[PDB]
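In what follows, a single structure is set out as structure tokens and then discussed.
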There are 2 protein chains.
Amino acid sequence: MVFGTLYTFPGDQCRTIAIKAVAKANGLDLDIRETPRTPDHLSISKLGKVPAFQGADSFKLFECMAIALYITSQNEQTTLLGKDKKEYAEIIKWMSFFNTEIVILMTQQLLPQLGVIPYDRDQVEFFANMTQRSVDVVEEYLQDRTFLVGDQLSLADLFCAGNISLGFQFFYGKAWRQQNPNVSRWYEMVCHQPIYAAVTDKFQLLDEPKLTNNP
Amino acid sequence: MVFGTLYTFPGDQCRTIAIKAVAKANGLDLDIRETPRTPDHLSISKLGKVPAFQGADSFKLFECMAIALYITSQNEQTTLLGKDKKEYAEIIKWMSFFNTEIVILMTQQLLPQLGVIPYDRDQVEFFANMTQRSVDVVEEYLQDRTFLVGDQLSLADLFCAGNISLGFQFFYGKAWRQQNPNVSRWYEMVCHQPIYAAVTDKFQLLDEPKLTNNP
Ligand SMILES: N[C@@H](CCC(=O)N[C@@H](CS)C(=O)NCC(=O)O)C(=O)O
Ligand SMILES: N[C@@H](CCC(=O)N[C@@H](CS)C(=O)NCC(=O)O)C(=O)O
């Protein structure tokens, strides 16, 4: 049967890819609802935030990290949560870092350029820079590393790749990829893992950025 | 011996209380460094962010959630990480929700009123409101609940109480506590748990808020 219901937006959302991916890998079928702010969604997330999740259980969850972790843990033989307590903590670290120091700031960089939140290039430039100095941490970390954590694919690879994909959809052109080769190489690798590619549209990179200022 | 080193600010910092508390409960001694941005701190957190942690191991960690979880997990008999996979996920949820939907917004409410980041009352009012509608989720959730997760104290109680304490230091006067009785009652309860009170200054609540606008 269906293991539960996941409320999200249409397509390949930054905070949802990794959740779909580990569900299909662990053999848990999800019903996907792509219409936010319905009574059943707000029953989980009173604020109407995506992603939100309800088990067939009807066990309720919000926060993308919690949903990803709960799904992943269903498989007591999983390989994706590290070898030992150290590596588990590293996975928590990178998930939390990508969710707060990259996605949040990149969103402040992006929304003004789409019209959503009010616009100001001096403010938009501030966030582009802060976003980039956080990504720089990852660029340098991945020098001579293949995976974020240990020697095989983990939930952090899938979750954080999914997060950063926002950057590859809008800002990260060939030029950017030239200055950020390790992140580019790692991202491109995660996106070609079967577990991840199974639940996403076809991989594709920008030539020119779709965005600079002003709009 | 010392289990490791924790870099933080002086006193009862929103993202550190819970880390000190579970360390002293699990019998792990920490060296506490209260001077940020030293070479050994930036060796962990290149961005100079607090909290950061280095084991005697010299296992390195940043992100308060990851540090709290790593310390807590050292005690394979711990009671603080829930009964089963459902409750573990609930703890992740509340930790992540408090860290992003409350502390982050409350910080945007606070900094302009202290001079740090530029000031604007229309913007400061926006964040006060968003902060409060996230706290409202917790107020309503705690109606007829004692603990955030299950029937006993958990890491989420300690971590999230520690987070929200920022609100009690600056904005949450007797008036506020009247409109938010469940959060007030729960917070006051966590702050009197020995594990938590052991590593904090003496509990104390505001009468009038220390802050409104303008400054
Ligand atoms: N702290 C949440 C953030 C979730 C979030 O903010 N989602 C956005 C979409 S990416 C949303 O649903 N916004 C609707 C709203 O904020 O009202 C998490 O980590 O899961
Ligand atoms: N995502 C981090 C946030 C840590 C953070 O931003 N800490 C603040 C103090 S509360 C800091 O150190 N700021 C210094 C800076 O940003 O340069 C976490 O959850 O641990």
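Per deposition record, X-ray crystallography, 2.4 Å.
Backbone N, Cα and C atoms are what each Cβ position is placed from, and that goes for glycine too.
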From B:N26, B:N75, B:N99, the one annotated by Swiss-Prot with B:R37, B:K49, B:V50, B:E63, B:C64 for glutathione: B:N99
Largest tally of Cβ atoms lying within 10 Å of a Cβ, found at which of the binding-site residues B:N99, B:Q108: B:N99
Counts by DSSP class (helix H/G/I, strand E/B, coil) across the domain 'GST N-terminal' (B:2-79): 25 helix, 18 strand, 35 coil
C-alpha spacing of B:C64 (glutathione binding site) relative to B:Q108 (substrate binding site), in angstrom: 19
Cβ under 6 Å from ligand 1: qualifying binding-site residues of B:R37, B:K49, B:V50, B:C64, B:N99, B:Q108: none
Around the Cβ of B:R37 (glutathione binding site), the count of other Cβ atoms that are within 10 Å: 12
